[PDB]
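In: how would this look folded up:
(one chain, ligands or ions: 1)
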Amino acid sequence: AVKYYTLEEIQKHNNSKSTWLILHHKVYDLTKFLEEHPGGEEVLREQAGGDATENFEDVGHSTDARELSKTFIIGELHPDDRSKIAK
Ligand code: HEM
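Out: Numbers count the residues shown, from 1 in each chain. Below is the structure:
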């Protein structure tokens with residue numbers, strides 16, 4: 001089942017040691033993906049520790065990329081924090 005993280009938890013995972021981000025209320029651990037992302041490391045770094053949904057959507061991402069992203073899900077944003085960012 002669901003493992004939840006608050007915004008304040010996720011915020012700490014903002015650097016090379018541990019990079020997490022949020023897309024559509026899911027929490028992604030990208031620590032090892034940074035080196036692999038076709039769009040490069042820096043754009044991810046820029047977003048690390050918070051909601052990156054609109055940047056992810058704005059740039060565009062293929063169905064293949066969206067399927068790939070599910071492999072990094074570690075949990076979901078706590079329900080009480082959903083109103084403090086958009087799904
Ligand atoms: C777990 C999440 C992510 C996955 C799996 C992922 C995967 C990919 C993949 C596979 C591509 C190659 C093109 C495509 O398939 O559409 C791509 C390109 C790109 N990604 Fe991501 N991405 C992720 C998150 C992000 C985020 C959050 C941003 C921005 C902050 C970003 C910015 C870019 C850029 C700028 C490109 C280049 C677009 C192009 O090829 O022309 N990505 N990403």
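In: Residue 3 - how many residues pack around it?
Out: 9 (other Cβ atoms under 10 Å). Backbone N, C-alpha and C define where each C-beta goes, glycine included.
In: check contacts around it.
Out: Residue 3 is in contact with 74-76, counting by Cβ atoms under 8 Å, 6 or more residues apart in numbering.
In: likewise residue 20?
Out: 5, 10, 13-14, 27-31, 48-49, 74.
In: and it, backbone torsions?
Out: Main-chain torsions, residue 20, degrees, to the nearest 10: phi -120, psi 160.
In: so what's it closest to, chain neighbours aside?
Out: residue 13 (3.6 Å; Cβ to Cβ, 6 or more residues apart in numbering).
In: what's that neighbour in contact with, if anything?
Out: 19-20, 29, 31, 48-49.
In: Please pick the buried ones from those residues.
Out: 19-20, 31, 48-49 (16 or more other Cβ atoms under 10 Å).
In: which two in those are spaced the farthest apart?
Out: Greatest spacing in these, by Cβ to Cβ: 31 and 49 (11.9 Å).
In: Find the residues that touch each one of those two.
Out: With Cβ under 8 Å, 6+ apart as the test, residue 31 and residue 49 both reach 13, 19-20.
In: Which member of the contacts of residue 13 is positioned nearest residue 1?
Out: Nearest to residue 1 among the contacts of residue 13, with distances taken as Cβ to Cβ, is residue 29, at 17.8 Å.
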